[PDB]
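Only one chain is given next, in structure tokens, and it is the form deposited in one PDB entry.
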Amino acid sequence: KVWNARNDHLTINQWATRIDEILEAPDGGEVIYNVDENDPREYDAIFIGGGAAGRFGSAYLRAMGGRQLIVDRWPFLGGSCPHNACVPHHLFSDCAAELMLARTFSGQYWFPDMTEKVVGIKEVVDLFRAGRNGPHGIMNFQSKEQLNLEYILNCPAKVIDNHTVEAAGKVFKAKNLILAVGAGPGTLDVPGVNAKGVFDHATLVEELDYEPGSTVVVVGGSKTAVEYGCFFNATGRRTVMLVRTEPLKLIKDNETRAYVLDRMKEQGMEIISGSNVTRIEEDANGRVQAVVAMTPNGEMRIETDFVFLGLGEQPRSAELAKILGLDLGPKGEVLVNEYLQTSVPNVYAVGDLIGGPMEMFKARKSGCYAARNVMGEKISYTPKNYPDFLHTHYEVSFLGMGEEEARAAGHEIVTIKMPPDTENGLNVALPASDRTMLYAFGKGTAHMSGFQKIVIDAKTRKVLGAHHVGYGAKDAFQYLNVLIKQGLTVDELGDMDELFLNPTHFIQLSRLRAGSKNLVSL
């Protein structure tokens, strides 16, 4: 039951295969024990959980010359991301974007006829399940062979006290504990929620044994709900989203949000805000048959055999809080100070366990900062002024302030956007670049070529916000945000070297206005 893999050296593909076998193992599989029993040093920290936060924290701690140990109940490192979160989500979004293109130019050129064409959801999920072990293999390999990490996988950790942990039937002592067990799927307190056909991101890639009907009901207005919803709609199914409040409040710029929502509705998606599910109807077979919810316009009933819950995740703090006596927050999040320290001495908390923002950059960075503090390097971490994004059928990127938001805050501003405000509106061949060229040139599709805008302070000439809808700008926003935080002006932006045609046209458009001492919008 315990496999000492320490002296074993599997390739990425061999790891992939071994992990799949352990995952399919009916008896549960063997414990993956990778500990250096010859090293006499004491553990500086034991990480409970080896996901994004735990794996990166360990990587950084080891890199600094300290000793660590990861314990994870899964037979692979990397956490939810490669198994049921970020990775599968991006596979689905890719399909959503490709399908919108195929449906828009159905029949034309090399595109097949999509009319009355329904794509198999289970087919795609099966594709994911069949290949998710690839990333898993790289993670175990990279972690062991390249990052020199010690770890025990496929084994739930038993925390004794703030310096003691049991794993693989053994007791380990450490100077510190770093809690990185993340968060779990949100629950919905309504009858029928356990009926067959009700899924969340986690169970979707584990229990989908049938192909969904023609209608899909998504509950939630989160990124996940929108991302998965656009994919389901792209497969050719009627998709209804039930949002408690208003959708995509995360997109502060009003025009940007309207463009995104307008394009979603144009694809046939139905978004009902101010709605609360009251009951999920089960048929005689214990299968979902319909959803009932209360809306501003009253109660409605939608027939469906497939329901996807996109609620927020909740920190896995219950057990740990009891064993260690940790102070918890309003939403079950473990409370920590600016150094990631919990209320218990020598115990840190990172990742989704400490709340939002629940993003990979937050998990990985908090993990590394906790490690640095553990190694004596006092450093604080408080995420703020970061870029963000989400997928619909398009890639949506945003940072800083929206146009209205900036004016309300007292900033005199001018904006540079595309397309321009004219009586032709969105119906013009711009913006345009990689992956939006067909839309830009197609008959009646120009309005689908995208939308983008930068918000500038008229007096300081500094960029206060950037927004983009299309493809190929997400990566750019990572670096653009750094420049903006350093104080980027329209003149400096205009003096850069653009790579035309560019997903973001901020550089050359800025150059067109930068010559005036008195800025004017474009």
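Note that the rigid core is defined as the largest set of C-alphas that superpose within 1.5 Å between two forms. Counting begins at 1, following the sequence as shown.
Keep in mind the form deposited in another entry is missing from the figure; the text below concerns it.
Participant: Superpose on the rigid core and name the single residue from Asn148, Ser106, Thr295, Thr445 whose Cα moves by 2 angstroms or more between the shown form and the other one.
Facilitator: With the rigid core superposed, the residue that stands out is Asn148.
Participant: Align on the rigid core first; then say whether the Cα of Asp27 has moved by at least 2 Å between the shown form and the other one.
Facilitator: Yes; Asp27 is a residue whose C-alpha shifts (by 2 Å or more) between the shown form and the other one when the cores are overlaid.
Participant: Could you tell me whether the Cα atom of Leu509 shifts by at least 2 Å between the shown form and the other one after core superposition?
Facilitator: After core superposition, the displacement of the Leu509 C-alpha between the shown form and the other one stays below 2 Å, so no.
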